[PDB]
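Undergrad: Provided below: query_25.csv, containing CSV, C-alpha atoms and all ligand atoms.
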```csv
chain,number,residue,atom,x,y,z
A,1,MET,CA,141.9,131.9,87.5
A,2,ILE,CA,138.3,131.7,88.7
A,3,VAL,CA,137.8,134.5,91.3
A,4,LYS,CA,134.9,135.8,93.5
A,5,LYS,CA,133.4,139.2,93.5
A,6,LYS,CA,130.8,140.0,96.2
A,7,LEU,CA,128.7,143.0,97.2
A,8,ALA,CA,127.7,145.1,100.2
A,9,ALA,CA,127.5,148.8,99.4
A,10,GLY,CA,130.8,150.7,98.7
A,11,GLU,CA,133.9,150.1,96.7
A,12,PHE,CA,135.6,146.8,96.6
A,13,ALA,CA,139.3,146.1,95.8
A,14,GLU,CA,140.4,142.6,95.2
A,15,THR,CA,144.2,142.8,94.4
A,16,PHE,CA,145.7,139.3,93.9
A,17,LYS,CA,149.4,139.7,93.0
A,18,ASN,CA,149.5,138.1,89.5
A,19,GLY,CA,147.8,139.3,86.3
A,20,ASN,CA,148.6,136.1,84.3
A,21,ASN,CA,145.2,136.9,82.8
A,22,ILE,CA,146.2,140.3,81.4
A,23,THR,CA,146.3,139.7,77.7
A,24,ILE,CA,143.3,137.4,78.2
A,25,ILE,CA,139.6,136.9,77.6
A,26,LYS,CA,137.5,137.8,80.7
A,27,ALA,CA,134.3,135.8,81.3
A,28,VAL,CA,133.0,138.6,83.5
A,29,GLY,CA,129.6,138.3,85.2
A,30,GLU,CA,127.4,141.3,85.7
A,31,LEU,CA,124.1,142.3,87.4
A,32,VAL,CA,121.9,145.4,87.4
A,33,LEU,CA,124.1,148.5,87.3
A,34,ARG,CA,127.8,148.9,88.2
A,35,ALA,CA,131.1,150.5,87.2
A,36,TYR,CA,134.6,148.8,87.3
A,37,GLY,CA,138.2,149.7,86.5
A,38,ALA,CA,141.6,148.3,85.3
A,39,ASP,CA,144.7,149.0,87.4
A,40,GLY,CA,147.9,147.7,85.9
A,41,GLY,CA,150.3,150.6,85.7
A,42,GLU,CA,147.5,152.9,84.5
A,43,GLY,CA,144.3,153.7,86.4
A,44,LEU,CA,141.3,153.0,84.0
A,45,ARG,CA,137.5,152.9,84.2
A,46,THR,CA,134.9,150.5,82.9
A,47,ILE,CA,131.0,150.5,82.8
A,48,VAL,CA,129.1,147.4,81.9
A,49,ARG,CA,125.6,146.1,82.8
A,50,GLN,CA,125.3,142.7,81.0
A,51,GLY,CA,127.3,139.4,80.9
A,52,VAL,CA,130.1,140.2,78.4
A,53,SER,CA,133.3,138.7,77.0
A,54,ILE,CA,136.2,141.2,77.5
A,55,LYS,CA,139.6,141.4,75.8
A,56,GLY,CA,143.1,141.8,77.3
A,57,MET,CA,144.6,144.8,79.2
A,58,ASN,CA,147.1,145.3,82.0
A,59,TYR,CA,146.0,144.3,85.5
A,60,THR,CA,147.6,144.3,89.0
A,61,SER,CA,144.4,145.3,90.9
A,62,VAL,CA,140.7,145.6,90.1
A,63,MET,CA,138.5,148.7,90.8
A,64,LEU,CA,134.9,148.1,91.6
A,65,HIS,CA,132.6,151.2,91.7
A,66,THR,CA,129.1,150.8,93.0
A,67,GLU,CA,125.8,152.5,92.3
A,68,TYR,CA,123.4,149.7,93.5
A,69,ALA,CA,124.6,148.1,96.7
A,70,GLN,CA,122.2,145.2,96.5
A,71,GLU,CA,123.2,143.3,93.3
A,72,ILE,CA,124.7,139.8,93.3
A,73,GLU,CA,128.0,138.0,93.5
A,74,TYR,CA,129.9,137.0,90.4
A,75,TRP,CA,132.9,135.0,89.2
A,76,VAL,CA,135.0,136.9,86.6
A,77,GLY,CA,137.0,134.0,85.2
A,78,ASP,CA,139.8,135.5,83.1
A,79,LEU,CA,141.4,132.9,80.7
A,80,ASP,CA,143.8,133.0,77.7
A,81,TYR,CA,141.2,131.5,75.4
A,82,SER,CA,137.6,130.9,76.6
A,83,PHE,CA,135.0,129.5,74.3
A,84,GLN,CA,131.8,127.8,75.5
A,85,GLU,CA,129.1,126.8,72.9
A,86,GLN,CA,126.6,123.9,73.0
A,87,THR,CA,122.8,123.5,73.3
A,88,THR,CA,122.2,120.2,71.5
A,89,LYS,CA,119.9,119.1,69.1
A,90,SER,CA,118.1,115.9,70.0
A,91,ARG,CA,118.4,113.0,67.6
A,92,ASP,CA,116.5,110.3,69.5
A,93,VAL,CA,112.9,109.9,70.8
A,94,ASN,CA,112.1,107.3,73.4
A,95,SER,CA,108.6,106.7,74.6
A,96,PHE,CA,107.8,104.8,77.8
A,97,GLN,CA,105.7,104.6,81.0
A,98,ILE,CA,106.8,105.3,84.6
A,99,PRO,CA,105.4,103.4,87.7
A,100,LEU,CA,104.0,106.2,89.9
A,101,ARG,CA,104.4,105.0,93.5
A,102,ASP,CA,104.1,106.4,97.0
A,103,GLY,CA,106.0,109.3,98.7
A,104,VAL,CA,108.5,111.6,97.0
A,105,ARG,CA,110.3,109.7,94.3
A,106,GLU,CA,112.5,110.5,91.4
A,107,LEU,CA,110.5,111.0,88.1
A,108,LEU,CA,113.6,111.6,86.0
A,109,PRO,CA,117.3,111.0,86.8
A,110,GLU,CA,120.2,113.4,86.1
A,111,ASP,CA,121.0,112.5,82.5
A,112,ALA,CA,123.4,114.8,80.5
A,113,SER,CA,121.8,113.4,77.2
A,114,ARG,CA,118.2,114.6,77.9
A,115,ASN,CA,117.0,117.7,76.3
A,116,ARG,CA,113.2,117.4,76.7
A,117,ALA,CA,110.5,115.3,78.3
A,118,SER,CA,106.8,115.6,77.5
A,119,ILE,CA,104.8,114.0,80.3
A,120,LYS,CA,101.2,113.2,81.1
A,121,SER,CA,100.0,111.8,84.4
A,122,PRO,CA,96.7,110.1,84.8
A,123,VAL,CA,96.5,111.5,88.4
A,124,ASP,CA,97.2,114.9,89.9
A,125,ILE,CA,101.0,115.1,90.3
A,126,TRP,CA,103.3,117.4,92.3
A,127,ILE,CA,106.6,118.1,90.5
A,128,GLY,CA,109.8,119.7,92.0
A,129,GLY,CA,113.5,119.7,92.5
A,130,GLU,CA,115.7,118.1,95.2
A,131,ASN,CA,114.0,120.3,97.9
A,132,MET,CA,110.6,118.8,97.5
A,133,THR,CA,109.3,117.0,100.5
A,134,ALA,CA,105.9,115.7,101.5
A,135,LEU,CA,106.0,115.2,105.2
A,136,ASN,CA,102.5,114.1,106.1
A,137,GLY,CA,100.9,114.3,102.7
A,138,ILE,CA,101.6,118.0,102.4
A,139,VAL,CA,103.9,118.9,99.6
A,140,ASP,CA,106.5,121.6,100.0
A,141,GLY,CA,108.8,122.7,97.2
A,142,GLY,CA,106.5,121.3,94.6
A,143,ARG,CA,103.8,122.4,92.2
A,144,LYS,CA,100.7,120.6,90.9
A,145,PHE,CA,100.1,119.4,87.4
A,146,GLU,CA,96.5,118.1,86.8
A,147,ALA,CA,95.5,114.6,85.9
A,148,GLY,CA,95.6,114.4,82.1
A,149,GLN,CA,97.5,117.6,81.7
A,150,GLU,CA,100.4,117.3,79.2
A,151,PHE,CA,103.4,119.3,80.5
A,152,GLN,CA,107.1,119.5,79.7
A,153,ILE,CA,110.4,119.5,81.6
A,154,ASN,CA,113.5,120.7,79.6
A,155,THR,CA,116.2,120.1,82.2
A,156,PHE,CA,118.9,117.4,82.3
A,157,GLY,CA,118.9,117.2,86.2
A,158,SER,CA,116.9,115.2,88.7
A,159,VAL,CA,113.2,115.7,88.9
A,160,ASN,CA,111.0,114.5,91.7
A,161,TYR,CA,107.3,113.7,91.9
A,162,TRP,CA,104.6,113.1,94.6
A,163,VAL,CA,101.2,111.6,94.0
A,164,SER,CA,100.2,109.7,97.1
A,165,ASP,CA,101.3,108.5,100.6
A,166,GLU,CA,99.6,104.9,100.2
A,167,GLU,CA,102.0,101.9,100.4
A,168,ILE,CA,99.5,99.4,99.0
A,169,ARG,CA,96.1,99.6,97.3
A,170,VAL,CA,92.0,98.9,99.4
A,171,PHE,CA,89.0,97.2,97.9
A,172,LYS,CA,86.6,97.5,100.7
A,173,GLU,CA,86.2,98.3,104.4
A,174,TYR,CA,83.2,96.8,106.1
A,175,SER,CA,81.6,97.6,109.5
A,176,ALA,CA,78.8,95.1,108.9
A,177,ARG,CA,79.2,91.4,110.0
A,178,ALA,CA,79.9,89.1,107.1
A,179,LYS,CA,77.2,86.6,106.1
A,180,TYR,CA,77.3,82.8,106.4
A,181,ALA,CA,77.5,81.4,102.9
A,182,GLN,CA,77.8,78.0,101.2
A,183,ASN,CA,79.2,77.9,97.7
A,184,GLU,CA,75.8,78.3,96.0
A,185,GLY,CA,77.0,80.4,93.0
A,186,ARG,CA,77.1,84.0,92.2
A,187,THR,CA,73.4,84.5,91.5
A,188,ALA,CA,72.4,83.0,94.8
A,189,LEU,CA,74.8,85.1,96.9
A,190,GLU,CA,73.7,88.3,95.2
A,191,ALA,CA,70.0,87.3,95.6
A,192,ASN,CA,70.6,87.0,99.3
A,193,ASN,CA,72.5,90.3,99.6
A,194,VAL,CA,76.0,89.0,100.3
A,195,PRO,CA,78.2,92.1,99.7
A,196,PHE,CA,80.8,91.8,96.9
A,197,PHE,CA,83.4,93.8,95.1
A,198,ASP,CA,85.0,93.4,91.7
A,199,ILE,CA,88.7,93.1,90.7
A,200,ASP,CA,89.4,94.2,87.2
A,201,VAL,CA,92.4,92.1,86.2
A,202,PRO,CA,94.4,93.9,83.5
A,203,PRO,CA,96.0,92.1,80.6
A,204,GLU,CA,99.4,92.7,82.2
A,205,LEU,CA,98.2,90.5,85.1
A,206,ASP,CA,96.4,87.8,83.0
A,207,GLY,CA,97.2,84.5,84.8
A,208,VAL,CA,99.7,86.1,87.1
A,209,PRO,CA,99.4,85.1,90.8
A,210,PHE,CA,98.8,87.8,93.3
A,211,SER,CA,98.3,88.3,97.1
A,212,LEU,CA,94.8,89.1,98.3
A,213,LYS,CA,94.4,89.9,102.0
A,214,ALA,CA,91.8,90.8,104.6
A,215,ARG,CA,91.9,92.1,108.1
A,216,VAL,CA,89.3,89.9,109.7
A,217,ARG,CA,87.7,90.3,113.1
A,218,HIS,CA,85.9,87.5,114.9
A,219,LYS,CA,83.7,88.4,117.8
A,220,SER,CA,81.3,85.9,119.5
A,221,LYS,CA,81.1,86.8,123.2
A,222,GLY,CA,77.6,88.1,123.9
A,223,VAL,CA,76.9,88.7,120.2
A,224,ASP,CA,73.2,88.1,119.4
A,225,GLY,CA,73.2,86.9,123.1
A,226,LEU,CA,75.7,84.0,122.6
A,227,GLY,CA,77.3,82.6,125.7
A,228,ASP,CA,80.6,84.2,126.7
A,229,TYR,CA,82.5,80.8,126.8
A,230,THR,CA,80.8,79.2,123.8
A,231,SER,CA,83.4,77.9,121.3
A,232,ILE,CA,82.8,79.2,117.7
A,233,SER,CA,84.7,77.7,114.7
A,234,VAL,CA,85.4,80.2,111.9
A,235,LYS,CA,86.8,79.9,108.4
A,236,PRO,CA,86.6,83.1,106.4
A,237,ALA,CA,86.9,82.9,102.6
A,238,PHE,CA,86.7,84.8,99.4
A,239,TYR,CA,84.4,83.2,96.9
A,240,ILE,CA,85.6,84.5,93.5
A,241,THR,CA,84.1,84.0,90.0
A,242,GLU,CA,86.4,81.9,87.9
A,243,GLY,CA,85.0,83.5,84.8
A,244,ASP,CA,83.7,87.1,84.8
A,245,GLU,CA,80.8,88.8,86.6
A,246,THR,CA,78.2,87.2,84.3
A,247,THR,CA,79.4,83.6,85.1
A,248,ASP,CA,77.9,81.8,88.1
A,249,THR,CA,80.6,79.4,89.3
A,250,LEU,CA,82.6,80.5,92.4
A,251,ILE,CA,86.0,79.3,93.7
A,252,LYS,CA,86.5,79.3,97.5
A,253,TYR,CA,89.8,80.7,98.8
A,254,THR,CA,91.0,80.2,102.4
A,255,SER,CA,94.2,80.4,104.4
A,256,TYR,CA,93.3,79.8,108.1
A,257,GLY,CA,90.7,78.4,110.5
A,258,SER,CA,90.2,79.4,114.1
A,259,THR,CA,88.3,78.1,117.1
A,260,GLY,CA,87.4,79.6,120.5
A,261,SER,CA,85.5,82.3,122.2
A,262,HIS,CA,86.2,85.4,120.3
A,263,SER,CA,86.3,88.8,122.1
A,264,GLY,CA,87.0,90.7,118.9
A,265,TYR,CA,89.7,93.1,120.2
A,266,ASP,CA,91.2,95.2,117.4
A,267,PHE,CA,94.8,94.1,118.1
A,268,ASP,CA,93.7,90.4,117.9
A,269,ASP,CA,92.4,90.8,114.3
A,270,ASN,CA,93.5,88.0,111.9
A,271,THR,CA,94.9,88.2,108.4
A,272,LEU,CA,93.3,86.2,105.6
A,273,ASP,CA,96.1,85.9,103.0
A,274,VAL,CA,95.7,83.9,99.8
A,275,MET,CA,97.4,83.8,96.4
A,276,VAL,CA,94.9,84.1,93.6
A,277,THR,CA,95.5,83.5,89.8
A,278,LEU,CA,92.9,85.1,87.5
A,279,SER,CA,92.3,85.5,83.8
A,280,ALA,CA,92.2,89.1,82.4
A,281,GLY,CA,88.9,90.8,83.0
A,282,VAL,CA,86.5,91.5,85.8
A,283,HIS,CA,86.1,88.9,88.6
A,284,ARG,CA,83.5,89.2,91.4
A,285,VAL,CA,84.6,88.6,95.0
A,286,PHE,CA,82.3,87.7,98.0
A,287,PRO,CA,84.0,87.9,101.4
A,288,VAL,CA,82.1,85.3,103.5
A,289,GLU,CA,82.1,83.1,106.6
A,290,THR,CA,82.1,79.5,105.5
A,291,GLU,CA,81.6,77.8,108.8
A,292,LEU,CA,78.2,77.6,110.5
A,293,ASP,CA,79.0,76.4,114.0
A,294,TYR,CA,76.7,73.9,115.7
A,295,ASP,CA,76.5,76.1,118.8
A,296,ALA,CA,75.4,79.2,116.9
A,297,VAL,CA,72.6,77.2,115.3
A,298,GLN,CA,71.4,75.9,118.7
A,299,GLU,CA,71.8,79.0,120.9
A,300,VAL,CA,71.0,81.9,118.7
A,301,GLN,CA,69.3,80.2,115.6
A,302,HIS,CA,72.0,81.2,113.1
A,303,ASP,CA,71.5,79.9,109.6
A,304,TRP,CA,72.9,80.4,106.1
A,305,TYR,CA,72.9,84.0,104.8
A,306,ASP,CA,72.5,85.3,108.4
A,307,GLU,CA,75.1,87.6,109.9
A,308,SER,CA,78.1,85.6,111.3
A,309,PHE,CA,80.6,86.4,114.0
A,310,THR,CA,83.0,87.4,111.3
A,311,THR,CA,83.7,90.9,109.9
A,312,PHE,CA,86.0,91.8,107.0
A,313,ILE,CA,87.4,95.0,108.5
A,314,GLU,CA,89.6,95.7,105.4
A,315,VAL,CA,90.0,93.8,102.1
A,316,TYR,CA,93.2,94.9,100.4
A,317,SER,CA,96.2,94.0,98.2
A,318,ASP,CA,100.0,94.3,97.8
A,319,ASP,CA,100.7,93.1,94.3
A,320,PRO,CA,103.3,95.6,92.8
A,321,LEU,CA,101.1,95.7,89.6
A,322,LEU,CA,98.2,97.2,91.7
A,323,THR,CA,100.1,99.2,94.4
A,324,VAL,CA,101.4,101.4,91.5
A,325,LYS,CA,98.9,104.9,91.4
A,326,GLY,CA,99.2,104.4,87.5
A,327,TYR,CA,101.4,105.2,84.8
A,328,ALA,CA,103.0,108.5,83.7
A,329,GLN,CA,103.3,108.7,79.9
A,330,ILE,CA,106.8,109.9,78.8
A,331,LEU,CA,108.2,111.0,75.5
A,332,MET,CA,111.9,111.8,76.0
A,333,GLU,CA,114.3,113.5,73.6
A,334,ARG,CA,118.1,113.2,73.9
A,335,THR,CA,121.2,114.1,72.0
A,401,CA,CA,81.4,75.1,118.4
```
As structure tokens, what does this structure read like?
TA:
Amino acid sequence: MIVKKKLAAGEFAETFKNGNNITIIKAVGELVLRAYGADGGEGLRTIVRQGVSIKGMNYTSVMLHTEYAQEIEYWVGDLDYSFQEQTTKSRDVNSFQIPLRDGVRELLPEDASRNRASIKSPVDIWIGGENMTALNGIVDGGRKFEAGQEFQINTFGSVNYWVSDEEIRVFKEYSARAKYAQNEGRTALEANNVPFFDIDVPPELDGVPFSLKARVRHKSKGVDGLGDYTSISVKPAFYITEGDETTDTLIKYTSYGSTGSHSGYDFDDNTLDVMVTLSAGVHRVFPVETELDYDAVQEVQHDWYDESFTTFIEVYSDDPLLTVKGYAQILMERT
């Protein structure tokens, strides 16, 4: 029978009417400093201060003497034969990479076979048990391990991690109006100060299509003194090198065109959304306005490479290969 023993201050007397576990091995638990006794016909004493395996005697009631009032509860499981032995040894090693993503997520599952994990994160990582939370980017019930720090976990239970609260990944945010640009090649766009950013396409993404997006704001009313009811046609694009940064040829990617008098309210922003398929390596991307509207030329003397009525508020991305914060290295040992 598995039975409780709690504390408070004075003597305790738990007298359950059946010593079936008399001639029996006691798996008694013990804290700090106590004294106990055996009552089964005779009144006996006992003093013991460490978890011990006891032999059999007669028992109708248990005596519980107290020196320290503030020790902790135990379960003195008395059983006919009680033997518990097993630590291992680990036979197998398995090495792999985890997908570090956003919010508190499980790093390792409960797995009775795991002995040991040696882990290295390429980013600062917070590690904890089932209590760990990160309401608002602030981790509670966790502790930090540093980027590049090798550490070990030797449990077989859940562990959790946190690295970031970002659902997707962000290339650029611009406040400057995008320039009008024809597809004149990489050298010409750079020479005329058209802002760009690079995407480093990993081997794991070599020729794999992915979504590239932008939050795009068109605003024409009163801009550079343009008439409030003048109709401006827009067609934002990414011009992307088909080879790498040192190649000149650009590919134009588009998803929508729009026409009207643009007031540029933040809630009215458009989304440029294209699939792009690129070879491994670095590709250069020029967010541009491709349409030079007749009315802009006449009224406000707009020309190629001038600032348009188009702004790339945010350029970002949602491909699972890029939304990952990178890639924890795991060596796992199991029985
Ligand atoms: Ca027009």
Undergrad: Calculated over only C-alpha atoms, which of the candidates A:125, A:112, A:194, A:3 has the smallest distance to residue 157 in chain A?
TA: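 Checking each candidate against residue 157 in chain A, we get A:112 as the closest.
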Undergrad: Can you work out the spacing between CA of residue 270 in chain A and CA of residue 216 in chain A in Å, to one decimal?
TA: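 Result for CA of residue 270 in chain A versus CA of residue 216 in chain A: 5.1 Å, one decimal.
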Undergrad: When you look at range 187-191 of chain A with a cut-off of 10 Å (counting only C-alpha atoms), what residues show up, excluding the ones that are within fewer than 4 positions of it in the same chain? I need them as a ChimeraX atom specification.
TA: /A:179,181-183,195-196,239,245-249,286,288,305
Undergrad: At a cut-off of 8 Å, can you tabulate as a Markdown table every residue of range 121-225 of chain A near range 252-262 of chain A together with its closest atom pair and the distance in Å to one decimal, using all atoms listed in the file and ordering rows by chain then number?
TA:
```
| residue | atom | partner | partner_atom | distance |
| --- | --- | --- | --- | --- |
| A:183 | CA | A:252 | CA | 7.4 |
| A:218 | CA | A:262 | CA | 5.8 |
| A:219 | CA | A:262 | CA | 4.6 |
| A:220 | CA | A:262 | CA | 5.0 |
| A:221 | CA | A:262 | CA | 6.0 |
```
Undergrad: Sorted by chain and rising residue number, list the residues of chain A at most 9 Å from ligand CA 401 (chain A) (counting all atoms listed in the file), each with its closest atom pair and distance in Å to one decimal, as CSV.
TA:
```
residue,atom,partner,partner_atom,distance
A:230,CA,A:CA401,CA,6.8
A:231,CA,A:CA401,CA,4.5
A:232,CA,A:CA401,CA,4.4
A:233,CA,A:CA401,CA,5.6
A:259,CA,A:CA401,CA,7.6
A:260,CA,A:CA401,CA,7.8
A:292,CA,A:CA401,CA,8.9
A:293,CA,A:CA401,CA,5.2
A:294,CA,A:CA401,CA,5.6
A:295,CA,A:CA401,CA,5.0
A:296,CA,A:CA401,CA,7.4
```
Undergrad: I need every residue sitting at most 8 Å from the point (95.4, 86.0, 95.5) (coordinates as in the file, all atoms listed in the file considered), written as a list in words.
TA: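 Result, sorted by chain then residue number: residues 209, 210, 211, 212, 213, 273, 274, 275, 276 and 277 of chain A.
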Undergrad: Please determine, counting only C-alpha atoms, which residue among A:76, A:285, A:100, A:48 has the shortest atom-to-atom distance to residue 33 in chain A.
TA: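 With only C-alpha atoms as the atom set, the closest residue is A:48.
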Undergrad: Find the residues around residue 180 in chain A up to 8 Å (all atoms listed in the file counted), leave out those fewer than 6 positions away in its own chain, and share them as a list in words.
TA: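 Once the nearby chain positions are removed, what remains is residues 288, 289, 290, 291, 292, 303, 304, 305, 306, 307 and 308 of chain A.
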Undergrad: So that I can check the surroundings of range 68-70 of chain A, please list as a ChimeraX atom specification every protein, DNA and RNA residue that reaches within 6 Å of it, counting only C-alpha atoms and ignoring chain neighbours fewer than 2 positions away.
TA: /A:8-9,66
Undergrad: Please provide the set of residues having any atom within 8 Å of residue 23 in chain A, restricted to only C-alpha atoms, with same-chain residues fewer than 3 positions apart removed, written as JSON, numbers by chain.
TA: {"A": [20, 55, 56, 57, 58, 80]}
Undergrad: May I ask for the distance between CA of residue 335 in chain A and CA of residue 88 in chain A, given in Å to one decimal place?
TA: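 Interatomic distance, CA of residue 335 in chain A to CA of residue 88 in chain A: 6.2 Å.
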Undergrad: Restricting the calculation to all atoms listed in the file: of A:38, A:1, A:201, A:250, which residue gets closest to residue 63 in chain A?
TA: A:38
Undergrad: Ranking A:280, A:328, A:31, A:315 by minimum distance to residue 124 in chain A and counting all atoms listed in the file, which one comes first?
TA: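 Smallest separation from residue 124 in chain A among the options: A:328.
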Undergrad: Identify, on the basis of all atoms listed in the file, every residue whose closest approach to residue 91 in chain A does not exceed 12 Å; exclude the query and any residue fewer than 3 positions from it along the same chain; express the result as number ranges by chain.
TA: A: 88, 94, 113-116, 332-335
Undergrad: Which residue out of A:146, A:30, A:111, A:266 has the minimum interatomic distance to residue 215 in chain A when all atoms listed in the file are used?
TA: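 Going through A:146, A:30, A:111, A:266 one by one, the smallest distance to residue 215 in chain A is for A:266.
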Undergrad: For each of A:166, A:224, A:42, A:244, take the minimum atom-to-atom distance to residue 198 in chain A, counting only C-alpha atoms, then give the residue where this is smallest.
TA: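 The closest residue to residue 198 in chain A is A:244.
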Undergrad: To one decimal in Å, tell me the separation between CA of residue 136 in chain A and CA of residue 165 in chain A.
TA: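 About the pair CA of residue 136 in chain A and CA of residue 165 in chain A: they are 7.9 Å apart.
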